[PDB]
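All Cβ positions, even for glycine, are placed from backbone atoms using ideal geometry, and neighbour counts span all protein chains on display. All of the numbers you see were taken from the coordinates with simple rules; none came from a lab.
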Amino acid sequence: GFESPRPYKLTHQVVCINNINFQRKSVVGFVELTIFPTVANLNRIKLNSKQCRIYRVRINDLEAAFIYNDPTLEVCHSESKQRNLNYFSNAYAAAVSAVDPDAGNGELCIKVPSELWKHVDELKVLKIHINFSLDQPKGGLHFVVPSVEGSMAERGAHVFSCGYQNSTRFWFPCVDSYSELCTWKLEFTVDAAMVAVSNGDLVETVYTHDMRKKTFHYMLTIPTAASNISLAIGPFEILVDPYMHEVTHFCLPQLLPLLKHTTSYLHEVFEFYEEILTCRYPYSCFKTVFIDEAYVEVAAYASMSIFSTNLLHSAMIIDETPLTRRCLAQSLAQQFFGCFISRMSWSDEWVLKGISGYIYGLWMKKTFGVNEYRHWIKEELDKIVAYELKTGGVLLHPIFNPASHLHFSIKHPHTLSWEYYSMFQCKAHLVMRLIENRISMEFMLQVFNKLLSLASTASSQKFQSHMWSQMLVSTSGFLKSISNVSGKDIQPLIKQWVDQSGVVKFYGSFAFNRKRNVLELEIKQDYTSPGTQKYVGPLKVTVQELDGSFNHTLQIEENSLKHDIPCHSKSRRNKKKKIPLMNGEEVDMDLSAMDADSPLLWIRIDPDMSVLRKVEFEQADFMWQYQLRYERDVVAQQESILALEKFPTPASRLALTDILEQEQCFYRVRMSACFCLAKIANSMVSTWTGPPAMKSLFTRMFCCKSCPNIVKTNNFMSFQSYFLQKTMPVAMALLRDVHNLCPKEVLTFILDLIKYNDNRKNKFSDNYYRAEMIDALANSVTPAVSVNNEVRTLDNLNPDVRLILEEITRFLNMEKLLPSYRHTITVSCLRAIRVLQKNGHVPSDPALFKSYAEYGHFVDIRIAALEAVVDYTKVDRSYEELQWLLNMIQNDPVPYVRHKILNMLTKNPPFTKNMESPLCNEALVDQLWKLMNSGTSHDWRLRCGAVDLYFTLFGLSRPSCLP
Amino acid sequence: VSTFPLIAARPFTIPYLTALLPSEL
């Protein structure tokens, strides 16, 4: 049951936009809302509006009086001397709650005229006509106007609606909540050479009487919220999908072949999401818009998605196909379960984010294989356990503070830190995988189909929300639908992993009792760490003995420590028979390293990742080597690679080398075995016999049979030896000698890989392989032996580093004349120049990176150069570079770059709270408090980034370096 | 300037066009 927090119900909204002026960055328009009051004596009506100048408001064609105030413009007063962050977080939460449409509130308060009170008490319709104007919007809707001359279509100027969550208040007045569903009528009067893309279906396109402008009329009969309404106006090249004909793809001019190749996969994503769920795609059209200077890499609205143009690749670009493919896939998953089925509160957001991430993981499983699915699930689980042990924990479904261990309030999406938002979505889809583990996948897809079917029977009624609230899901409704389809309720699993905000830590060690033939496990939990919680459920453990692989369920109550499980025979060591594996197959194992008295080959605690856990198991090194070689699970091979770094014995070198030589191993395991072999090789110097690690293996796999030092000409058509070939010198360059100087045998090998590179014969580009070669050249740089702080000149230039510097100069200059993809070689060469500057080789001068961080460059070059400037101002304690970065945060045209500068200055801070630095003035405290209070008031993501930066630099209490 | 000269880093207008686009196809 859904009861509105608003005293009115909104039925229909007309959004008309005229006069989109690109020179002056200005729109004019009106908005006409059709509300039905649910309570008599409605009097004031409270709507949401930011940055719009409200000209006049007429209610039922009668002139009404409005008052506007935004408490989130300046959160605390300018003349308050408070400088602690808990004060700002409480004031910011109160300010966002005072404009919240999820309460009854709002920023624009319109007073109903007196003569309509007899029209409002007996509950009859009210039609509110506001007309407004955006004069020059800061972060409302982004105007990308290039400075080439010509007409606005000839120079490539466009507008798009940017922002996250409820940010539609930034460009027209609305009820900007996800729970106020209404039908829509959208008119946009644009230039005749431009096209206006929006939500709904385009019913017509009429000309103006001078035929210089045309009006696009859109209609949206599926009741969506105001927060799902978008807009993209530009000189877009239109491409109808040749497979599905209601899907149109819009790109920027001159990028039509890239659009043709890139969006050619999307019909398979549509077919997948419509056959695992049994509902068809709910909207009547689908539109993909590719734009410049995007807010996020992929945004999903109702019947529309806005991607950045940096996803567009051609047919000869690999290492970008899978990333763009999965961006399209998660946009479509959010089309199904973020835009059609919406949220009922700010709680129950974990339901929608979990269903979106879970069905996108099912797509990844079918498309890229179960092994890529397991690797992705393991990397997300490692991400969450790192974040939750780092700071507190992520609390899905809080109850309204519920989480007081962090520095922000979790009551609203616009007060969350961006890393918390990312980890929120990550934990939501892993908890949905856990619900699939308890209640099987076909029942899970039946739950999702029942939600979609209730929403689509709701979506066709005309009753103003008598039935339109069946399109809003809640937690209680989701659990009730689960209990309807399965008969089991998941309330212990919901109580543990949703309502409780923690992950578990397992420390395991075993001992084999030879007398009674048992395996005595010893599993203890660390439940006193700040991020942890105590697990009391069951726990699966998989033991591989000589007779095969056996699963055991252990009951781990609070007082439990020793778990005795039984062991089988050892009669497959009496005769040589094959040892049967986890799957149905069996292999020949070399049992010379195994103990004579124990049959068990390896043990895995929680193999299926059925809890949110971090396992620290103490096996013997031969058990880790057997688990690396003969396991049929990629997460166990990865964890054995990760645990073999502590055992540098030559049997582990043989194990990793046999993994590296082995095709029919998953390629991301071999790419990890490269770096593990490099670390082991660095640890057993003065024992290593022959050549450096992986060199003979590289010449055996990727070089000519007649010439060992000449590499084969590039043929990248295998896509697994391409990735292994481009990752093996990067790990080979980490080879550390006894003198701590990289062997001139590996550096010469990398330089010969660079010289003899011929790419005139493959059908794929070479930009990522050459960029990884520059990364391998940067990995070989050891710190220089400066004497008496000698000024770095050409007289003291290392003879090794002169070759590296010549190569990166040649590569960067050739990129200036012939570029590649993603400007990968510019990014790699800027990263390598920063590596050479971090050691004492090149003079520590930020002027090159400051010239590459200007506005007109590509955004990857910009963020690489700004990462170099952030690293410089951390190491050299530069005041003027920090003022340069803070000025660039305040006034840069691209807001993604501002968010990225705040993000990088949070990750690599110039000082922490423990450090005494010269940069801890009262002036810097006043600048960052002014940046939290004012200055970042227009983005909701810069303000949370400024809160994160103030927390990283000065902590939760009063800045110490202050009177 | 004689030894190791670097071409100076020049600002463009649309950097994604010179980054992402392939030149030999």
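Data for the structure
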quantity	calculated
Extension gain from A:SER80 to A:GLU379, taking 0.36 nm per residue of separation minus the Cα-Cα distance	103.1 nm
Gained length - A:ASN891 relative to A:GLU806, 0.36 nm times residue gap less alpha-carbon distance	27.0 nm
In segment A:831-873, chymotrypsin sites (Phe, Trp or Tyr not before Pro) in a DSSP loop with at most 16 other beta-carbon atoms within 10 Å	A:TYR855
18 Å Cα-Cα reach of A:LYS646 towards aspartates and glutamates, excluding residues that sit fewer than 8 places from it in its own chain	A:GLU616, A:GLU618, A:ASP621
Estimated [θ] at 222 nm from DSSP helical runs (n ≥ 4, -39500 (n - 2.57)) normalised by residues in the protein assembly as shown, nearest 500	-11500 deg cm²/dmol
Whether segment A:584-663 is rounded, prolate or oblate, judged on the alpha carbon gyration tensor where a/c under 1.5 counts as rounded	rounded
Computed over segment A:558-699: relative contact order in percent, which uses C-alpha pairs under 8 Å that are six or more apart	16 percent
Global form of segment A:87-220, assessed from the alpha-carbon gyration tensor, a/c cut-off 1.5	oblate
Neighbouring partner chain Cβ atoms per residue of A:813-822, average, 10 Å criterion	4
Under the Karplus curve 6.51 cos²θ - 1.76 cosθ + 1.60, θ = phi - 60°, whole-Hz ³J(HN,Hα) for segment A:799-806, x wherever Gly or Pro sits	x, 6, 6, 5, 5, 5, 6, 5
Whether segment A:74-139 is rounded, prolate or oblate, judged on the alpha carbon gyration tensor where a/c under 1.5 counts as rounded	prolate
Residue-wise HN-Hα coupling along segment A:384-395, computed from phi with Karplus coefficients 6.51, -1.76, 1.60 (Hz; x: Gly, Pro)	5, 5, 5, 6, 6, 6, 6, 9, x, x, 8, 10
Calculated from backbone phi, Karplus (6.51, -1.76, 1.60) coupling profile of segment A:950-955 in Hz, x at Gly/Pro	5, 5, 5, 7, 10, x
Selection of GluC sites (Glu not before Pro), segment A:39-81, meeting DSSP coil and at most 12 other Cβ within 10 Å	A:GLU79
Distance violations [Cα-Cα > 26 Å] among A:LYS138/A:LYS353; A:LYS488/A:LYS540; A:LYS705/A:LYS744; A:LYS515/A:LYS562; A:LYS705/A:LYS761	A:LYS138/A:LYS353
Label-point separation in nm, A:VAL685 to A:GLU268, each point 7 Å along Cα→Cβ	4.7 nm
Percent of C-alpha pairs per 20 Å bin, the protein assembly as shown, short to long	12, 39, 37, 11, 1
Two-site label geometry, A:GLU645 and A:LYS578: point separation in nm, points 7 Å out along Cα→Cβ	3.5 nm
Virtual spin-label span in nm between A:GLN461 and B:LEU6, 7 Å along Cα→Cβ	6.7 nm
Links that overshoot a 30 Å alpha carbon limit, given the list A:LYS50/A:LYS260; A:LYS124/A:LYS185; A:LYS127/A:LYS213; A:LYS570/A:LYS695	A:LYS50/A:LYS260; A:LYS570/A:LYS695
Qualifying GluC sites (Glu not before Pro) for segment A:480-566 [loop in DSSP, other Cβ within 10 Å: at most 16]	A:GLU557, A:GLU558
